[PDB]
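Worth knowing before you read on, the calculation uses all heavy atoms, side chains too, and leaves out hydrogens, waters and symmetry mates. To find a chain, count down the sequence lines: A is the first, B the second, and so on, and within it residues start at 1.
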Amino acid sequence: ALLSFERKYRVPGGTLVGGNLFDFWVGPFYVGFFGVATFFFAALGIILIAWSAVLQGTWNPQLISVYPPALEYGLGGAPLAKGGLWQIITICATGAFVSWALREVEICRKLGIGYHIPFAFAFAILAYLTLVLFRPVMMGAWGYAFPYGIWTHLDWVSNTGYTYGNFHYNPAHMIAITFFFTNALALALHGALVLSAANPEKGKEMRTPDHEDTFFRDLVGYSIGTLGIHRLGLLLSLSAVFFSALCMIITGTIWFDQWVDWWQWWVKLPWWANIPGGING
Amino acid sequence: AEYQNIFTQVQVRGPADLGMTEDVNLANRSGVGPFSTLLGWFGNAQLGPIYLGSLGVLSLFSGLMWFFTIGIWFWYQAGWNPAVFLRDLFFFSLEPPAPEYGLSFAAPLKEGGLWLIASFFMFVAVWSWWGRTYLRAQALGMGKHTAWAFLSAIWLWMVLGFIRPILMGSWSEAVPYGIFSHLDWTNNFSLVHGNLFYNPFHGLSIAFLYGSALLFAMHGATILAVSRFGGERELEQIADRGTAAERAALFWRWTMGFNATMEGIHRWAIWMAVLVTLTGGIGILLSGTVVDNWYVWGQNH
Amino acid sequence: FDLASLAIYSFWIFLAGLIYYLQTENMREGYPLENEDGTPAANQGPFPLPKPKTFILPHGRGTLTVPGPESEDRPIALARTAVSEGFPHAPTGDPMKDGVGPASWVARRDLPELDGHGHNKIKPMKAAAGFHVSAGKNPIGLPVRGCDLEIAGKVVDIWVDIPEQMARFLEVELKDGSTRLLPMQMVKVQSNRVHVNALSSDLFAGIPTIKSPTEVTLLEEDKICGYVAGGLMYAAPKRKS
Ligand code: BCL
Ligand code: BCL
Ligand code: BCL
Ligand code: BCL
Ligand SMILES: CC[C@H]1c2cc3[nH]c4c(c3C)C(=O)[C@H](C(=O)OC)c4c3nc(cc4[nH]c(cc(n2)[C@@H]1C)c(C(C)=O)c4C)[C@@H](C)[C@@H]3CCC(=O)OC/C=C(\C)CCC[C@H](C)CCC[C@H](C)CCCC(C)C
Ligand SMILES: CC[C@H]1c2cc3[nH]c4c(c3C)C(=O)[C@H](C(=O)OC)c4c3nc(cc4[nH]c(cc(n2)[C@@H]1C)c(C(C)=O)c4C)[C@@H](C)[C@@H]3CCC(=O)OC/C=C(\C)CCC[C@H](C)CCC[C@H](C)CCCC(C)C
Ligand SMILES: COC(C)(C)C(=O)C/C=C(\C)CC/C=C(\C)CC/C=C(\C)CCCC/C(C)=C/CC[C@@H](C)CC/C=C(\C)CCC=C(C)C
Ligand SMILES: CCCCCCCC/C=C/CCCCCCCC(=O)OC[C@@H](O)COP(=O)(O)O
Ligand SMILES: CCCCCCCC/C=C/CCCCCCCC(=O)OC[C@@H](O)COP(=O)(O)O
Ligand SMILES: CCCCCCCC/C=C/CCCCCCCC(=O)OC[C@H](O)CO
Ligand SMILES: CCCCCCCCCCCC[N+](C)(C)[O-]
Ligand SMILES: CCCCCCCCCCCC[N+](C)(C)[O-]
Ligand SMILES: CCCCCCCCCCCC[N+](C)(C)[O-]
Ligand SMILES: [Fe+3]
């Protein structure tokens with residue numbers, strides 16, 4: 001079935017691999033070579049998760065947990081039941097995600113639109129690859145990656161964070177959080193602004209973009225503009241994820257102490273370290 | 001190098017836009033400010049005008065009195081030494097009364113009383129700012145969506161500093177005013193309550209915080225990808241669907257099997273963000289008042 | 001089953017209702033679903049069509065009610081390539097000229113978008129008193145180069161969104177002395193030229209023309225913007241790697 005305006009866009013073309021061989025849809029979904037690739041990677045990854053659940057003895061999705069190899073395996077391969085399944089599933093997930101992004105690129109090309117969306121999605125993939133690939137390789141073991149389980153990967157975040165004291169003191173982490181909070185603030189404001197113009201007070205004509213500019217100028221003295229706010233939302237969310245990847249790629253590679261030490265440089269500067277009083281004297 | 005419309009190539013400038021009037025009391029609207037070529041690379045260059053008004057000045061006066069009360073406490077904690085001030089800036093903290101004082105307003109100035117005074121001023125600053133987000137939209141004939149979304153943020157802030165402390169029985173439960181101290185407060189809160197990762201309202205709050213970045217990256221990128229058809233002019237696209245709105249929808253339909261409208265994506269957006277602090281506020285409010293230990297509580301449910 | 005259990009189960013019920021509301025709200029355009037031959041589809045999925053809402057449009061422009069009866073309001077020069085569903089529909093003529101695929105346009109109002117004061121939102125800079133280039137390379141006077149690396153014309157004006165103070169189109173003079181509008185988001189201003197990857201120089205004259213020299217309608221914008229973007233696919237045989 002199609003949306004009422006959709007047929008005119010379902011033309012051949014835009015694929016990057018395979019010519020027209022995979023150039024078709026299944027219901028609403030576009031296929032393409034990377035749709036087929038996505039299906040293969042995802043189906044196999046899901047099969048190996050089911051395998052690992054069989055070995056674990058549970059079908060409870062809240063208990064299934066696929067653990068990476070023990071640290072002693074270093075960067076080597078491991079037996080299926082002792083980290084190998086995690087290893088193959090990780091390859092499958094990487095393959096599915098990258099195939100997803102390239103499928104989007106084919107969709108972008110058939111529709112004649114910019115490539116911003118798979119470019120943005122690539123930041124999420126790089127954050128995933130930081131945690132399971134780049135950081136484990138640089139630390140010397142797959143076993144530093146997170147396990148694939150609903151609650152056990154939260155225990156991994158807890159264990160990893162408290163290895164460094166209060167992880168709040170990681171400064172790149174502070175920047176990432178600031179981008180995450182500011183992004184949600186901006187998303188709330190942007191959704192509210194548009195809806196407040198399109199759904200005005202009862203008894204009113206639909207507002208214009210000039211009402212949006214005026215509202216935000218009256219409120220805080222600046223309106224970033226309709227183009228500006230979408231650039232801004234993209235930059236905030238991408239920067240949060242960039243600084244997330246940055247705060248973790250340095251943790252355990254070039255920084256090993258309690259993160260609260262980083263700022264203590266400021267504390268013990270020779271010209272005020274020993275002044276009696278305050279907090280740091 | 002194909003152009004991607006993240007930064008402007010050619011800036012243009014004309015007479016300042018003074019804005020819509022509708023029912024805005026122009027007596028309280030400043031003149032227009034200067035233009036910023038720096039900002040014009042990314043968004044609009046025009047600064048101002050801003051609306052003042054009684055609620056604004058009350059909010060500003062009170063918000064500055066909050067900031068000054070904390071600041072004066074910091075100078076006192078620093079022995080009035082400016083170098084000690086700058087050195088320990090992030091370590092100072094205006095702390096609430098000790099638990100012995102309960103909800104009493106009799107805690108002496110230097111042991112919690114100044115925290116109460118700063119909190120009074122903050123309480124007045126936020127709620128009059130909230131009134132301002134409502135009255136600015138109403139003066140312009142607009143929906144009240146901004147004030148309603150802002151209420152969700154205020155909900156979490158009210159829980160942290162007011163509602164939960166009162167239900168727990170003492171101001172000592174409230175968040176202190178300092179950079180590092182309020183971070184230490186946050187860490188301690190979770191340890192005291194049996195791992196906040198197992199507070200299901202905390203897990204929802206995270207789902208919507210991550211989901212807000214997921215959605216704004218999706219939507220921001222989508223609108224830039226269709227800005228070559230005027231996509232960011234979302235109101236007229238709502239009124240009169242164009243090829244921008246149609247291609248944006250079909251990208252997502254073809255990618256994930258369903259899609260939005262130019263209007264409806266902004267409903268997805270406002271709820272994704274609002275639910276962050278809505279669920280978050282519920283999660284904090286239940287901590288200690290109802291659930292002592294989220295991990296233990298989770299295992300029994 | 002304490003208050004926290006009651007809260008969390010309640011919230012999940014609320015969330016299921018919110019998602020159902022959000023999805024139906026996002027069916028105000030394009031639904032009901034159609035078969036590939038344009039007739040209504042039998043399977044519309046589990047979410048029902050939203051009930052109509054109305055927007056009263058400013059400046060005497062009337063009212064929009066959505067959902068409402070939907071029509072492309074234009075001929076679509078495409079034909080099925082398959083009896084069964086899910087296969088591409090192939091252009092029967094010149095897809096760029098017929099406005100299909102990535103060249104598609106929508107039958108928007110043949111009127112200009114207006115600002116909050118009821119004035120045309122987009123105007124050529126020569127008709128916009130006080131507007132000027134404020135930073136970056138001024139493209140006026142530069143030659144415009146296509147993806148065949150040949151020159152198609154000269155930039156004679158910038159069309160500006162007045163309320164957002166934004167360049168939206170370059171007005172380009174062709175060899176015959178007519179002009180076309182080029183979307184600002186589809187050009188790269190360089191020090192000595194404006195390069196347009198999307199079109200080869202021979203396709204610039206096919207850009208749909210505007211009926212008035214000082215304004216552009218939403219319908220015309222859609223046709224210009226669709227045509228030019230459509231060149232990424234359909235002028236690719238002319239694009240030098
Ligand atoms: C949610 C659970 C915790 C908590 C956990 C964290 C963690 C963890 C982090 C922060 C971070 C920050 N938090 Mg906190 N935070 C809490 C509640 C608050 C409240 C409040 C009224 O409730 C405030 C004002 C702040 C303020 C701040 C900022 C210092 C900083 C960036 C916030 C941001 O991106 O805002 C989005 C809003 C805007 C961009 C608008 C402008 C906001 C400005 C910057 C706020 C100014 C605050 C203060 C008055 C500035 C004084 C600066 C100098 C000392 C003079 N937090 C609660 C109690 N917060 C991060 C940080 O950098 O810490 C150092 C960080 O890593
Ligand atoms: C006790 C725990 C520690 C701590 C330890 C850590 C550790 C350890 C880490 C973080 C990380 C982060 N923490 Mg911290 N953190 C603490 C307290 C906080 C507080 C707070 C209010 O106190 C906040 C706001 C944060 C915030 C954050 C973010 C900056 C970041 C998580 C986002 C991210 O990386 O996205 C990145 C996004 C992704 C990884 C998602 C990728 C998704 C992929 C590409 C696609 C998936 C598709 C899916 C399988 C499809 C399914 C099927 C379909 C749905 C149909 N932390 C405390 C002090 N924090 C993490 C980080 O920065 O990681 C880089 C991290 O590892
Ligand atoms: C990002 C930094 C940390 C981390 C820190 C946290 C913390 C802390 C929390 C979560 C929470 C969650 N995380 Mg995690 N998370 C990490 C990496 C991941 C990855 C991944 C492939 O990288 C995935 C798929 C998940 C998935 C999830 C969900 C189970 C849950 C809600 C997230 C959400 O809505 O996000 C935004 C995305 C969307 C709204 C889109 C829809 C996403 C859906 C819900 C994903 C389902 C995945 C499925 C259960 C598992 C694989 C499916 C396959 C078919 C087998 N996390 C890393 C290690 N994550 C929360 C929770 O409640 O956990 C129990 C929580 O509190
Ligand atoms: C060791 C630390 C603990 C923990 C302790 C807490 C505590 C404690 C809390 C959170 C909360 C949250 N945590 Mg946690 N958190 C941990 C681990 C994590 C991880 C992670 C990957 O490890 C993540 C991603 C998160 C993420 C989150 C957020 C989803 C949530 C805050 C939402 C928000 O927007 O607040 C930011 C928004 C606000 C605080 C609202 C602010 C509104 C007011 C009105 C602003 C006024 C501005 C003021 C006047 C200043 C003006 C300045 C001028 C502009 C200049 N936490 C661990 C387990 N977390 C909060 C929550 O809701 O929990 C359920 C909370 O209170
Ligand atoms: C970089 C900014 C933010 C971002 C952006 C972003 N994400 C995106 C996109 C964009 C722009 C897409 O285009 C794409 C999409 O289509 O969204 C609808 C995507 C998407 N982001 C998703 C999820 C997601 N994004 C997240 C985060 C973010 N995404 C960032 C905060 C998070 C978290 C934890 O915060 C999650 C869970 C999906 C909805 C979607 C990608 C869908 C996809 O890749 O599909 C192909 C793969 C499958 C259908 C299944 C693969 C199965 C694996 C083989 C097995 C399981 C492996 C996995 C590691 C197990 C994990 C267990 C958990 C319990 C930890
Ligand atoms: C849906 C939840 C998200 C959200 C939403 C949200 N926040 C909002 C809104 C919304 C919808 C608003 O409408 C409102 C707003 O106006 O936004 C622009 C607001 C807002 N959210 C804010 C902050 C904020 N929101 C946050 C979070 C979030 N807000 C969530 C992610 C956070 C954090 C911790 O993450 C913060 C810090 C403000 C920008 C604003 C509320 C403004 C307010 O209440 O102000 C009262 C205070 C004052 C008027 C003055 C304070 C004084 C200054 C601190 C002093 C500065 C120094 C000065 C130079 C000293 C010099 C003095 C001399 C000149 C005399
Ligand atoms: C240069 O020096 C001078 C003196 C000029 C300055 O001004 C410098 C000033 C500073 C250095 C200021 C520095 C300020 C900070 C570091 C502030 C940091 C603030 C935070 C991190 C905020 C954390 C969270 C705060 C919260 C959650 C508060 C909630 C409180 C409210 C819910 C209000 C509760 C109301 C109460 C208790 C009052 C009751 C009274 C009634 C009448 C209702
Ligand atoms: C006690 C249990 C926890 C309760 C916590 C409540 C805390 C305060 C919550 C505020 C609610 C915020 C969610 C609303 C966001 C959606 C806004 C929206 O879309 O509103 C549309 C409309 O309707 C209102 O607009 P108008 O009709 O123009 O006023
Ligand atoms: C098993 C699951 C069963 C679930 C059944 C329903 C459970 C209860 C759910 C409640 C949530 C209902 C939808 C909440 C969203 C609020 C709707 C709303 O806001 O409507 C008014 C709105 O248009 C006006 O907004 P504007 O037009 O933008 O002013
Ligand atoms: C008098 C001079 C004082 C100048 C003080 C400057 C500080 C204000 C900064 C705001 C950043 C923008 C906040 C994010 C805006 C989100 C809301 C939105 O969608 O804006 C859209 C656009 O503005 C209309 O369509
Ligand atoms: C303008 C001041 C606002 C006051 C509201 C909060 C009252 C707290 C008073 C601090 C207690 C001082 N005292 C008298 C007990 O020493
Ligand atoms: C308005 C957008 C709706 C997105 C809904 C996201 C659901 C995420 C589920 C996270 C599960 C949290 N928990 C602890 C209850 O399991
Ligand atoms: C967790 C957030 C994701 C919400 C999922 C919304 C699913 C909507 C699917 C609607 C199907 C539309 N369709 C195909 C009938 O046209
Ligand atoms: Fe938008």
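For C/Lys137, the part lying near chain B is the backbone, with the side chain staying farther off; criterion is any non-hydrogen pair under 4.5 Å. C/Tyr21 touches chain B through its side chain: at least one heavy atom from C-beta onward sits under 4.5 Å away, while N, CA, C and O do not. Interface remark: B/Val291 contributes side-chain atoms only to the contact with chain C (heavy atom separation under 4.5 Å). For a residue to count as touching a neighbouring chain, one of its non-hydrogen atoms must lie under 4.5 Å from one of that chain's; by this rule B/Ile238 touches chain C with backbone and side chain alike. Of the atoms belonging to C/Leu33, it is side-chain heavy atoms, and not backbone ones, that fall under 4.5 Å from chain B. Heavy atoms of C/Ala198 lying under 4.5 Å from chain B are absent altogether. Within the 4.5 angstrom heavy-atom criterion, no atom of B/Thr289 approaches chain C. Residue C/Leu219: no heavy atom, backbone or side chain, is found under 4.5 Å from chain B. Heavy-atom distances place the side chain of C/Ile122, and not its backbone, under 4.5 Å from chain B. For C/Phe169, no part lies under 4.5 angstrom from a heavy atom of chain B. Contact annotation for B/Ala249: neither backbone nor side-chain heavy atoms come within less than 4.5 Å of a heavy atom of chain C. In this structure, the portion of B/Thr37 lying under 4.5 Å from any heavy atom of chain C is its side chain and not its backbone. Only the side chain of B/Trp271 comes within contact range of chain C, with heavy atoms under 4.5 Å apart. Interface residue C/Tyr31: only side-chain heavy atoms are found under 4.5 Å from chain B. For C/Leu57, the part sitting under 4.5 Å from any heavy atom of chain B is the side chain, from C-beta outward, and nothing else. Using a 4.5 Å cut-off between heavy atoms, B/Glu246 touches chain C through its side chain atoms alone. For C/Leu232, the part lying under 4.5 angstrom from a heavy atom of chain B is the side chain only. At a 4.5 Å heavy-atom cutoff, the contact between B/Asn5 and chain C is made by side-chain atoms alone. Neither the backbone nor the side chain of C/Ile162 comes within contact range of chain B; no heavy atoms are under 4.5 Å apart. Both the backbone and the side chain of C/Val189 come within less than 4.5 Å of a heavy atom in chain B. Heavy-atom distances place the side chain of B/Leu275, and not its backbone, under 4.5 Å from chain C. Of the atoms belonging to C/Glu221, it is side-chain heavy atoms, and not backbone ones, that fall under 4.5 Å from chain B.
Within 6.0 Å of the NZ atom in C/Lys188, the count of heavy atoms belonging to other residues, nucleotides or ligands exceeds 12.
With chain C as partner, the option from B/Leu286, B/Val10, B/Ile265 having the largest number of non-hydrogen pairs under 4.5 angstrom is B/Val10. Looking only at heavy-atom pairs under 4.5 Å with chain C, the residue among B/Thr8, B/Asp17, B/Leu235, B/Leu204 that has the most is B/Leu204. Per-residue counts of heavy-atom pairs under 4.5 Å with chain C were compared for B/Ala1, B/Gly242, B/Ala45; the largest is that of B/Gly242. Ranked by heavy-atom pairs under 4.5 Å with chain C, the first of B/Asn300, B/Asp240, B/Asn259, B/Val290 is B/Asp240.
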Please walk me through it: do C/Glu70 and B/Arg241 pass salt bridge (charged side-chain N to carboxylate O under 4.0 Å, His left out)? CA-CA 11 Å; C/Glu70 281 189 318; B/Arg241 194 187 69 238; 3.3 Å; yes
Stepwise side chain to side chain contact (heavy atoms under 4.5 Å, CB included) test for B/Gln237 and C/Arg108: CA-CA 9 Å; B/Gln237 290 285 328; C/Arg108 310 189 76 195; 3.5 Å; yes
Start with the C-alpha distance between B/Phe258 and C/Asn26, add both sets of side-chain angles, then the distance that settles side chain to side chain contact (heavy atoms under 4.5 Å, CB included), and finish with yes or no. CA-CA 10 Å; B/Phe258 72 107; C/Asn26 280 273; over 6 Å; no
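Ionic pairing of B/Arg233 and C/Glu113 is present here: one or more N-O contacts between side-chain nitrogen and carboxylate oxygen are shorter than 4.0 angstrom. Of the charged side-chain nitrogens involved, at least one lies within less than 4.0 Å of a carboxylate oxygen, so that C/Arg168 and B/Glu232 count as a salt-bridged pair. A salt bridge links C/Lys53 with B/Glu263: the closest approach of a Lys/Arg side-chain nitrogen to an acidic carboxylate oxygen falls below 4.0 angstrom.
Checked by atom type and distance alone, the side chain of C/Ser134 pairs as donor or acceptor with a backbone atom of B/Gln11 at under 3.5 Å. Judged purely by atom type and a 3.5 angstrom limit, B/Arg247 uses its side chain to pair as donor or acceptor with the backbone of C/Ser104. The closest donor-acceptor contact from the side chain of C/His132 to the backbone of B/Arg13 lies under 3.5 Å. C/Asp222 places a side-chain N or O within 3.5 Å of a backbone atom of B/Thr243 that can act as its donor or acceptor partner. Judged purely by atom type and a 3.5 angstrom limit, C/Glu25 has no side-chain atom pairing as donor or acceptor with the backbone of B/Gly264.
When all heavy atoms of B/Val12 and C/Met166 are compared, the closest pair comes out as CG2-N, 3.6 Å. In terms of heavy atoms, B/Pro15 sits closest to C/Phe131 at CD-CE1, 4.0 Å. Of all non-hydrogen atoms in B/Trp297 and C/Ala4, the two that sit nearest each other are CZ2-CB, 3.8 Å. Considering every non-hydrogen atom in both C/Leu22 and B/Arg267, the closest pair reads CD2-CB, 3.6 Å. Smallest separation of non-hydrogen atoms from C/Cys225 and B/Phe229: O-CE2, 3.6 Å.
Looking at residues two or more places apart in sequence or on another chain, you find a ring-ring contact (aromatic ring centres under 6.0 Å, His included) between B/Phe42 and B/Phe7.
A 4.5 Å side-chain heavy-atom check between B/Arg228 and C/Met184 finds every atom pair outside the cut-off.
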